[PDB]
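S.K.: coords please:
(chains A, B, C and D)
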There are 4 protein chains.
Amino acid sequence: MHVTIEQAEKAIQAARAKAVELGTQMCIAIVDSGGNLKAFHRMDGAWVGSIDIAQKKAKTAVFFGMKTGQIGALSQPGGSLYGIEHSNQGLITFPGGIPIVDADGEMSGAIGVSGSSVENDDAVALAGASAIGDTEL
Amino acid sequence: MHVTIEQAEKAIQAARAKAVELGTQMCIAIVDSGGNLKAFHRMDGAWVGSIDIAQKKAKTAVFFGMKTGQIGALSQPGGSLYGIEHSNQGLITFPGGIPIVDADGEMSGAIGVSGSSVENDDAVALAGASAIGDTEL
Amino acid sequence: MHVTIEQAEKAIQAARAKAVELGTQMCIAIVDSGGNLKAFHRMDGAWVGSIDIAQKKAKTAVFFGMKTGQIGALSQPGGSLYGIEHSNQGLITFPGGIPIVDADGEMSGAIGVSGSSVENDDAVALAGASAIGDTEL
Amino acid sequence: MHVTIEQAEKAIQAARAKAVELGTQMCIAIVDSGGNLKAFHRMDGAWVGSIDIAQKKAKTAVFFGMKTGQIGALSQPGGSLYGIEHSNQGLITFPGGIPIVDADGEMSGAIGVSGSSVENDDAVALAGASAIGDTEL
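M.R.: Numbering: from 1, shown residues only, chains lettered A, B, ... in the order given. The structure is reproduced below:
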C-alpha cells in the first residue's frame, strides 16, 4: 500500500498542529515507499535549510525502515554504519524522520521534520505519522 | 527585507578593511535570505579553496539563522546535529558565516569569510555584518 | 581477466542462498575491475537504501583491492585514511564489499551486499565471491 | 608563474622513479595554480580508486597552499576545520598532496599521489615536487 495524498495531508496537518503547540516553525515532508516526494509543507518562518533536511529525513527513514536517529546511533565513529550518510545522495541520521506503517504492518511511506531541536522535530514527526498509522515495524 | 547591493558592498568593504588590518587575504561572500548569491569579493592572494568556503559559509548562516561555528558545536560526533553538513549541497560549520539582521530583527541575508584562521575569518565577518546591521536574532 | 556474467550470476545465486539461510533480504551487486556495474539483484523486501549501498560497496572493494571494512578500520578519526569516503563519488567502508580474485591472483571484480547487519552483509558477500574465486590478493 | 607541461612531466618522472624504488604503483597528478589538471600518470597496477584521490590531493594542496595532511591535522572532530572536506567538490586531507613553489616563492601548482600507504604517497609526492622547485611557502 502507498500513502495517499489524503493521508499525507492529514499527517502534515497533525504535524503542523503539534509544531504550533510547541512554538516551532517546521518543514514537513512525506515520501512514498520508494523515497519519492508525496507532499511538502514549509511553515511560515521555518529555516530555509530545514527544507532539504526534512526531505532527506523522510527519505532516510523509508530507505531503511527505521527512525532516523536509530541510524545515527550506529553511524558514530567506531559504529557499524560509520560513513553511511554518504550514500543515497545524502542521508540525515539525527531524529525527525519516522516510517509510516499501515495496518498490515507494511511501510507505506515516511514523514520527515526539520526546523527546531531534534527532540521537537521528532515529536512533530511522531504526531504526523501517528495521525495516519503506526510508526514501528 | 532583503539585503541590497549597496549594503552588500558596504559590508564587503568593511570586511576588506578589517582583513587588511589583520594581515589576511580573504574571500568575502554576501547571500540573500534565500541563500542566493548577492555579492562576492576575492582579495588578491586569497586561497583558491576559500572561494567555495566563503560562499558555503554565508549560505549555512542564512539557512539556519546562526553563526556557522554555533552549528559545528552541535554537529560533532555525539552531537544532536551530527552529519548535518551533508545536507543542502554542503554546509560549512566552522566560524566565518554570520547572519545579517535588519533593524526589525529580521534576517535579510548573511556574510561568509574564508582565507585565514577561523578566528580571523569570524573577526572579518563580524566587521562586515556590523557595518550594515546587527548579527544576532 | 574480467568477471563474466555467468560468474556474476553464479555469485548472486550463492549470495542469495546465504541470505535466505540467514533470514535476510539483500541487495547484491557485482562490478568489474573498472568499477562498472556487471549485475545486480534486489531481493524482494530488501531496504531501498541498500540498492545504492550494495553498489558503492562493490565499487569500493574493487577500487582498492580490499574488503570494505578493512578500509573503514583506517578511516576512523585519527586514522591514516580519514575522509577517504568523500572520494570516488562516495565510498562505503563498513563490511559487505569483497574483491573477486581469479586463479592467477588477479582481481577481476567485486561483490557488494547490503540489507541487514554488516556482519550478515559480509557473510552473504563471502558466500557469493567464494563461489567463483578467491577473496584475498 | 604557472607550472609548465615540461615541469609537470619531469615531476611525474621523478615521482614514478621514487614509487618504483619503494615498490609501489601510484597515480600521480599535477594541477596548476587554479586547480585545473595539467598532467596525470597512472602507473600499471595502481588501484583504480587512486585515480580520483591523486587528483583531489593535488587540488587540495594548491587550493590552500599546504600539504594535504596538514589540513587533516586540523579537520579531526574537535578541530578548527572539521568538515572542510565537504567543500570544493571534495578534498583529501591525508598525506600525498604537496604544493609546487617556484623560485620567487610563488605557488605555481601542486602534485598529488595515491596508491600505497600515506607515508609512501608523501615520499613519492616530495620526490616529484622537489625535482622542479620548493615545496614550502
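
S.K.: show me what secondary structure element comes after the longest strand belonging to chain A.
M.R.: Longest strand in chain A, counting residues (DSSP state E): strand A:107-114. Remark: after strand A:107-114, the chain's next helix or strand is helix A:118-130, criterion DSSP states H and E.

S.K.: check the secondary structure at the closest residue to residue A:126 other than its chain neighbours for me.
M.R.: Among residues not flanking residue A:126 along the chain, residue A:98 sits closest, at 6.1 Å (CB to CB, 6 or more residues apart in numbering or on different chains). For every residue, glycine as well, the C-beta is placed using N, CA and C. Look at residue A:98: counting by DSSP: H, G, I helix; E, B strand; the rest coil, its state is strand.

S.K.: what sits against residue A:98?
M.R.: A:61, A:67, A:68, A:110, A:111, A:122, A:125, A:126, A:128, A:129, A:135 (CB atoms under 8 Å, 6 or more residues apart in numbering or on different chains).

S.K.: which two of those have the greatest separation?
M.R.: Farthest apart among the contacts of residue A:98 by CB to CB are A:68 and A:128. That separation is 14.0 Å.

S.K.: which non-adjacent residue is nearest residue A:24?
M.R.: Excluding its sequence neighbours, the residue lying closest to residue A:24 (CB to CB, 6+ apart) is residue A:116, at 4.0 Å.

S.K.: list phi and psi for the one you found.
M.R.: Per-residue torsions, residue A:116: phi -140, psi -160 (degrees, to the nearest 10).

S.K.: and stretch A:28-37, end to end?
M.R.: One end of stretch A:28-37 sits 11 Å from the other (CA to CA, to the nearest Å).

S.K.: can it be found next to chain B?
M.R.: No: Stretch A:28-37 lies out of reach of chain B by CB under 8 Å from any CB of the partner chain, never closer than 12.6 Å.

S.K.: need the contacts of residue A:98 in CSV (columns: distance to residue C:40 and neighbour count).
M.R.: Shown next, in CSV, are those (distance: CB to CB, whole Å; neighbours: other CB atoms under 10 Å in any protein chain shown):
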residue, distance to residue C:40, neighbour count
A:61, 24, 35
A:67, 28, 25
A:68, 26, 30
A:110, 24, 33
A:111, 30, 36
A:122, 34, 21
A:125, 32, 34
A:126, 35, 20
A:128, 34, 31
A:129, 31, 28
A:135, 31, 18
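
S.K.: before we move on, the earlier item: mind listing the residues bridging to the residue nearest to residue A:126?
M.R.: For residue A:98, the beta-bridge partners are residue A:111 (DSSP bridges).

S.K.: can you give me the strands for chain A?
M.R.: Under DSSP E, chain A gives strands at A:27-32, A:37-42, A:97-101, A:107-114.

S.K.: buried deepest among these, which one?
M.R.: Stretch with highest mean neighbour count among the strands of chain A: strand A:107-114 (a mean of 30; mean count of other CB atoms under 10 Å in any protein chain shown).

S.K.: the inter-axis angle of it versus strand A:37-42?
M.R.: Put simply, strand A:107-114 runs at 20 degrees to strand A:37-42, going by axes from the mean of the first three to the mean of the last three CA atoms, to 10 degrees.

S.K.: format the CA atom coordinates belonging to strand A:107-114 as PDB.
M.R.: Written as PDB, here are the backbone C-alpha positions of strand A:107-114 (Å, rounded to 0.1, in the frame of the first residue of the first chain):
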ATOM      1  CA  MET A 107       5.700   0.600   5.400                       C
ATOM      2  CA  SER A 108       3.900   2.900   3.100                       C
ATOM      3  CA  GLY A 109       6.000   6.000   3.300                       C
ATOM      4  CA  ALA A 110       7.700   8.200   5.800                       C
ATOM      5  CA  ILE A 111       7.500  11.600   7.400                       C
ATOM      6  CA  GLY A 112      10.400  14.000   7.800                       C
ATOM      7  CA  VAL A 113      10.500  17.100  10.000                       C
ATOM      8  CA  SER A 114      13.100  19.800  10.500                       C
END
